[PDB]
Amino acid sequence: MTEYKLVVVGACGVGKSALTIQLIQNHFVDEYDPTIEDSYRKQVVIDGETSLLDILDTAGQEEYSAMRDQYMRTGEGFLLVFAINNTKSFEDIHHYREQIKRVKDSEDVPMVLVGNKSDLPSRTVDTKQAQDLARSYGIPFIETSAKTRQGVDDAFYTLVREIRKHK
Ligand SMILES: *CCC(=O)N1CCN(c2nc(OC[C@@H]3CCCN3C)nc3c2CCN(c2cccc4ccccc24)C3)CC1
Ligand SMILES: Nc1nc2c(ncn2[C@@H]2O[C@H](COP(=O)(O)OP(=O)(O)O)[C@@H](O)[C@H]2O)c(=O)[nH]1
Ligand SMILES: [Mg+2]
């Protein structure tokens, strides 16, 4: 059975853990421990294909040991996550995409831009700002809520479709 190694990246507080746990365990977590970095497995079906998803929810501390490089490099696709009510988190996306390109030593790595917390009023990042960042990377943009499940399957599934295209 085909396995997909997906890595969820982005600033603290954007909902990497809440999206990963909504997908895998179908509930919404308040203030998940930001020190906990885990891998989560899920049998799913995308375009009629029963696949195994191996999903790394990144956490802890920013650090660049060989060992961290090697654990991130196992990633076949990346969710670049920001929160639509957090402009600083959107302005950090470029950093995560640069570190992805470095450890994969490639200008073409399957990625999806995810604008999370779309159930919230008082958005500070507009749809157009995030569609233009994603068009600048040649990658898709999907709007999610870890809380209502809006777009959650579609963000993960769209990343899988990106990895298939790369093959
Ligand atoms: C709140 C806890 C949490 O979820 N995380 C801690 C911060 N983590 C993290 N943060 C950054 O950068 C923070 C900002 C952005 C610009 C400079 N800095 C002030 N960068 C990374 C991480 C996780 C580890 N990262 C990393 C290490 C090695 C290789 C790669 C390759 C590809 C992507 C990331 C890599 C970078 C994580 C979340
Ligand atoms: N309303 C709402 N809150 C969210 C969403 N995603 C995450 N949160 C909350 O935002 C906070 C940070 O999310 P968390 O999953 O810890 O993000 P992480 O640090 O990137 O893993 C927690 O209190 C979450 O419950 C969302 O889509 N909508
Ligand atoms: Mg977390």
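Numbering starts at 1 and runs along the chain as it is shown here.
According to its header, the structure was obtained by X-ray crystallography, 2.3 Å.
Cβ atoms are placed via backbone N, Cα and C, with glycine included.
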According to Swiss-Prot, which of these ranges is motif 'Effector region': 23-31, 32-40, 131-139?
32-40
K104 (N6-acetyllysine): secondary structure state under DSSP, collapsed to three categories
helix
By DSSP, what is the split of the motif 'Effector region' (32-40) into helix, strand and coil residues?
0 helix, 3 strand, 6 coil
Taking Cα atoms as reference points, which of the modified residues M1, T2, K104 is nearest to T35 ((Microbial infection) O-linked (Glc) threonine)?
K104
